[PDB]
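First comes the structure, then the notes that go with it.
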Amino acid sequence: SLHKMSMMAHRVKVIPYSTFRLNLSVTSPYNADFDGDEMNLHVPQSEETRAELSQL
Amino acid sequence: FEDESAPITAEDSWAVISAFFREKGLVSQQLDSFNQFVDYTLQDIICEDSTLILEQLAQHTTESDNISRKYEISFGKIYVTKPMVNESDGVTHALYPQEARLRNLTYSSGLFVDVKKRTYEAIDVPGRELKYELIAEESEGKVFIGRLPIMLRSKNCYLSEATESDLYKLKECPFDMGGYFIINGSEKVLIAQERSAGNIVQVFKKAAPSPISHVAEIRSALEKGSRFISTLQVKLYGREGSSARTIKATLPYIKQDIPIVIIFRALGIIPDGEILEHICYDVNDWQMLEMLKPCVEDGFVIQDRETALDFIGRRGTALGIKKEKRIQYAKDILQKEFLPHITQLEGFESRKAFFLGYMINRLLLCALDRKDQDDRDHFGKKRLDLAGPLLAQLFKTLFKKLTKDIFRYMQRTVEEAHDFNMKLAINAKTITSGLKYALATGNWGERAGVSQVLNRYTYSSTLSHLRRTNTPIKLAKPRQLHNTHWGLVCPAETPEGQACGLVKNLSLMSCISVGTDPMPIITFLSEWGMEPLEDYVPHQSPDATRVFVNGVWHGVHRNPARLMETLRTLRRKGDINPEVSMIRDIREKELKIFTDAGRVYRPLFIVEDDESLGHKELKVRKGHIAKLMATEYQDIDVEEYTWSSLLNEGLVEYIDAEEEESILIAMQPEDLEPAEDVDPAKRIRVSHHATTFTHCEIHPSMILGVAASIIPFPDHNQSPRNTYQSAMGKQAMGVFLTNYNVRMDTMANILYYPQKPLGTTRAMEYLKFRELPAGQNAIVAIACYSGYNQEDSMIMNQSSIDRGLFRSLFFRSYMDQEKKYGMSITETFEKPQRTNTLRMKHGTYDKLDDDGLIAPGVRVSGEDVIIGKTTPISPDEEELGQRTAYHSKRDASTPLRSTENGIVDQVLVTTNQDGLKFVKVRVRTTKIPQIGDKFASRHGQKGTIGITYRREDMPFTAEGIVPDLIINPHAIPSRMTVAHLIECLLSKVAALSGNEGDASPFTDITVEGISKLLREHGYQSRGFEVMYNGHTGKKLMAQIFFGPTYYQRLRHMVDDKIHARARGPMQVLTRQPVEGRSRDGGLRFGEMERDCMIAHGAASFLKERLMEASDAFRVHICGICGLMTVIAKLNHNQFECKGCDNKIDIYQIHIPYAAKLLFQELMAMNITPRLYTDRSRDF
Amino acid sequence: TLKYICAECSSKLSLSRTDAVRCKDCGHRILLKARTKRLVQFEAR
Amino acid sequence: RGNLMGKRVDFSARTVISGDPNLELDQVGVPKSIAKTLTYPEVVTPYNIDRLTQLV
Amino acid sequence: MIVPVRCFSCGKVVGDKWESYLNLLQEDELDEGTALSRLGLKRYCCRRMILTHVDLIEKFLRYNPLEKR
Amino acid sequence: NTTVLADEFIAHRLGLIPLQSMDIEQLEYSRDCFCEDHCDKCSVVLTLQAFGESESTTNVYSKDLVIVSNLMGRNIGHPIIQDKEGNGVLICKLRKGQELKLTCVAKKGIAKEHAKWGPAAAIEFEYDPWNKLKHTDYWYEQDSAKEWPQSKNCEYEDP
Amino acid sequence: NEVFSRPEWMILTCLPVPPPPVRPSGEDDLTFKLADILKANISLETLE
DNA sequence: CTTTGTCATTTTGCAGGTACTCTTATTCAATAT
RNA sequence: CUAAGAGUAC
DNA sequence: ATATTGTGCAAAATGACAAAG
Ligand SMILES: [Mg+2]
Ligand SMILES: [Zn+2]
Ligand SMILES: [Zn+2]
Ligand SMILES: [Zn+2]
Ligand SMILES: [Zn+2]
């Protein structure tokens, strides 16, 4: 996570398998491949944090 | 063939290689080093020193008792038995490794030594020299001094002579190679430790700022002595432009750098001319004399041996010598500390002076720009300490400890007049516990990671682990792959992490010497004309070759060519041990012989004149190949012809990196030996236009290691891809041993249907890869099918998975003992009851029966109890609401892992060394491939499954064939994995024709020939096939590369990595979430994640992450002193800060608990971090 | 009591809590618990 | 550095990532188990009484 | 371990051709390709299913049974 | 199961055994049958019972499977035997003294639920052998016609 | 500073003892060091 | 006589980020109650 | 539980 | 019989020391 683009707010889509799924275009800012890479997910716990995550 | 003396072909050399691997095996170095240690090194360790003499003086106040006693204990021969185990009942029986593994014992054998206790008496007459005589009490009586762990398959192991049927009877896999120890039931392997060789003079240029420009140093050491390291350095003061260039030596136990001439005069060389002759061997080399004049001008003030000895003694750091005895002190330092590797005796001052002159000569040659500074990375200058020397030095230290203890006990008992008993003298626990601790934990003492848990994920993984070398980490560049690493360590096999280059792996045919006594070679040299060094005068013998043996300049020779010829002849006929290396540097006029241990060498074919054919030719011919073939076929009646027969008859030779400097090697016989329209598809090769070869490579493909030998067509790949595959094949899932069903390993993974590769190398049938494969031949299509295989994802056929592709068994073993907390506080395996047990786990105990163990066959899920154990406690305590005197037992059960589930495969009940019962429960489950599992080809083309399609949705060819896997085309161009494509083509051809593709690296197999064979079979020559879209049945506009390919299932599965945490256990100290998914931990929100959130500008989210999500603590402070020293009774609503004496100036703040802990730690360290809630200054 | 099998003999034994865990026939100290009697169900997929 | 500038947090997940051309640029696919583990606190309001009661 | 029941790719039953395959290799001294063709394995998926199999169960059968009746 | 193979290993192998399905339409799906777990209207019960009484390895084949349920006159259940020797699929192997006793319940299913229910194996499918519709663009180096072998169906259409 | 840091306060004469929260318990290393400090203090006081 | 700048030493603090698994070990021994 | 070490993933 | 005690930069800081007034 070398720059701010390597940490971005996404919209949840619940899917029936055991991996995080993301668009191919957004892999460049994350510098992410699919050869075993792992990624982390954080859930905001208040309306303020939720809102600024969605708006910034 | 028909002609017995016909030259061999490139195909014949594999027979030779087979013979080698018949005699040596894959782990020959481990077993050889351990056998050398047990056979000879133990006895040397025992005999060295280990004569405890205690001279109890008469101490006679009256002459009636003027008798001086002398009690000595000596150790004789040492006996090492077969491995045996004691027992709780005391019965001792033979122990087999597949009992030590199951019962957590140590595959160790007792050591006994013949102790001879002598006693002498003398009449204590003052002035008269004491004469000691025996009292006829020459008692002698082997005594048990400890246990030496035994490496499996060694000469002292039960399995050394076992046949295949015997191995099957003993529950031992015949494919198991040994070379490891069993410590407490764990398989431990000793990684070969790399170090710099001793007794070698190395000259180095120093940096500009330092006043010394060049330093010539030797790390002197003696193998048959105290084994102590004394570093002598010879330094040249002054930069190039400076005028006072004086050479000074750094003697041990001396506080100053003595000028060299003072040392030379101290040793006994007074005249300046003689010193200069000792240093410079040429009268015409006036440059060296000019550079050397300052030293003699410096030491002009001393012109006598006694004067120089006094000068050195004055500098002596001991500072406990009187003025007259300084000479003797200096003498002692020059006799037992200066150049120990030469000799510790006296009367060899000339030899040490000659060696010092040689070092100064080397330093001056480097300073005169006549030679480059010695390369620190040259692999011939390195040594590998294997199990032998490591255990040798460890046991030397530990036995020195034990004998010091013996001497202390004897002195104490004789002073206190108590009786003497050997059993109370020797504490075998010393040796036993020391060896067991050093092998059980990596730390080698009382370095780290010297002993490691043997890797058993895959057969190739174990093979690679058993041949691993580690280099502890100067101004060198050790990570680079040196030129001298050719043929000794794998060019491409090393971890990608911090260990890159430091951790190395042996080549297939590389071996480590175990060391031999150099006395026979010294006698040969003396007999064959080596002039002794004592009567050597350089002026009368200017062009004389200096002969070195193990770094000890033993003399000079005047006809080195004949001496080298006869030494080579002796070594080739077996008279000299083949491990001995002999190098002749013609330009430097030197002859070095090395016989010590740790040298890495490889075998090579010998090439001689062969006047009959008029040109150079290999000594090996078709007759020897025929005999080797006959012996191999008989093994699968004629005279046996083994690798040792080739060695003895002078057909093959052992060459190390040092000797490899002075030879010329032909890459292949058929193309480089004979004197000199070509296929454009073949690769370009150069004839070298030179015919003076001395050796020929047995096969170039033997430069690779165990893991790299699996790669098909490694010469058609980018080297980092080869390195990635070498690292990634150890994570391949296969069958690690055939007896996996009788081993209770912690974790084991097995393929249902291992398949041998369609494209296979010649070197992998010595690695048993076809017998224990670690992958499957999947039908792979390279296509942009659905976009779900982008960025290294893969599309796997769901129908193939349904039918058993890449399916796996997984076994996990949980161990549990009952321990004696006291003399009668034994733990008990049982089914704990909620009525009379404490802290019973929230899981179900219903699956345990009355012995506290689940019975094989029962399905177990996560958090269910599999081993029921309870421990007694003190009764008569009441708390917690439901704690009574009935609760005399605390639960100590073992639940199944939270995420894992399966069927209890097996449970094993036994007793430990202490006699207490313990159990091992092995649970079995099935891993079926799914989205997120990692698979890789043999070319570093790793990737996870993106999605799985059923057969009807996959693209299909005109024959109805659908791929098992679809990989993206974009993985090919950037990575340049051409070998992947070539191997797919070759596999298609082999599957069609029924043969096996020979994917060896340096063969003359071209894509043109494979394409022609494929065309003959009726397919497009380049592997393309017209495919049809699964969804619509229409032809795809593009044709698809399609064919079988060998893929490995890697150990990284998504179900072992998925982890989420809303709220859970908190760390006791910081009140923050615990670490790790095994503990339901939380994810680290590191510093730079905080930085990214700052850059985004989301302050509230950062606060929420750091406070509400981790640890929010409300604390009270007072407005007078900002400290948290406020007593707050919330129920009574009373706040008060003692000291300030206030009760209404209180505030509450929400700060991280880590912050409160930090402030309290500051206060405990006498700092007042006062916190104030209002500003006292303007911004 | 509960049934076990000698790791070497393959002989069947019945051991109680106080019984020492050894094979009566041969004295081997390694015993493997017997297969459960309750039926085990497996999906054939 | 280890406990104040950066610390372990709750309501976080981690796992392997996969590509999905059928997801929007700002969408992320979340495994059902992870979605069942991680939670958000929603305050009860007349506007969301019905669906929150249904979730309970 | 033991010969797979069906070919992974297409699903042709090849678990009943292992003994015939070994018999053809040993008794009739046919090379692998001709034996595979004789058994009816024409697609190279089936051919690799039978050609590359390693019969490890034989090794497993050498160890004495744990539970012997 | 005292064999050298895991229980689910053998269960997987057994699920892959082809069974006669001529009258499968007269069988019901277990999901829409009113029995509790399985009955005679929706399943066929087979039994395998093998023992290693011979000093040599004893091969457990699919011909050893015995139908225990009452087929009620249907033509389902019998394992399919194809080779000339009469032994079906090689289910397992037994050393002397090893035993394998087990009971299988067979329901009707389709290849979508699991590939073991697929009766189709491979299906060759081709059209337009001469590429007259130009649905493919032939990759080539020198000449596409020479480098692409003609399909066997080219004889059935006019070039 | 006259109020917050005087030089004579750089000399220790009363060591503050952090509460068990700072050195939670097998005792913590800080607890053992405090025990050693108390032992040395008592030894010096008795010798005086 | 004391600066004065000047080199040659001494300190001395640091050394990517997450994440997973396993293994061992918790002072040895002698003395006195 | 704690600590140390080793191996490993990106 | 068991508890108790005998590493390589590289900047900064510092010290030694020949020249200068
Ligand atoms: Mg990656
Ligand atoms: Zn206050
Ligand atoms: Zn027995
Ligand atoms: Zn097939
Ligand atoms: Zn029914």
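Remember, it's 1-based here, ligands and their atoms both numbered in the order they're listed. Below, all heavy atoms of this structure are taken into account, side chains as well, without hydrogens, waters or symmetry copies. Every chain is numbered from 1, with letters handed out A, B, ... down the list of sequences.
Looking at every heavy atom in both residues, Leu51(E) comes nearest to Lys756(B) through O-CE, 3.6 Å. The shortest heavy-atom contact between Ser808(B) and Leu751(B) is OG-CD2, 3.7 Å.
For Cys23(C) atom SG and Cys9(C) atom SG, the angle they make at the Zn ion (ligand 3) is roughly 110°, to 10 degrees. The Zn ion (ligand 5) forms the vertex of an angle spanning SG of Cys35(F) and SG of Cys33(F); to the nearest 10 degrees it equals 110°. Here the Zn ion (ligand 3) is the vertex; the SG atom in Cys26(C) and the SG atom in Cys6(C) give an angle of 110° (to 10°).
Taking 2.8 Å as the criterion, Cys42(F) counts as a coordinating residue of the Zn ion (ligand 5), since one of its N, O or S atoms falls below it. For residue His28(C), no N/O/S atom approaches the Zn ion (ligand 3) to within less than 2.8 Å.
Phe9(F) and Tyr753(B) have tilted rings, their planes meeting at an angle from 30° to 60° on a 0 to 90° scale.
Counting only N and O atoms by type, the side chains of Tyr61(F) and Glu19(E) include a donor and acceptor under 3.5 Å apart.
Looking at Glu996(B) and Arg770(B), no side-chain N of the basic residue comes within less than 4.0 Å of a carboxylate O on the acidic one, giving no salt bridge. Taking a cutoff of 4.0 Å between a charged side-chain nitrogen and a carboxylate oxygen, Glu126(F) and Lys152(F) do not qualify as a salt bridge. Ion pairing between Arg101(B) and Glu172(B) holds under the 4.0 Å rule for side-chain N and carboxylate O.
The Zn ion (ligand 4) has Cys7(E) SG, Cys10(E) SG, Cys45(E) SG, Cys46(E) SG as its protein N, O or S neighbours under 2.8 Å.
Contact annotation: the side chain of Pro773(B) approaches that of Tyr1046(B) to within less than 4.5 Å [non-hydrogen atoms, C-beta and beyond].
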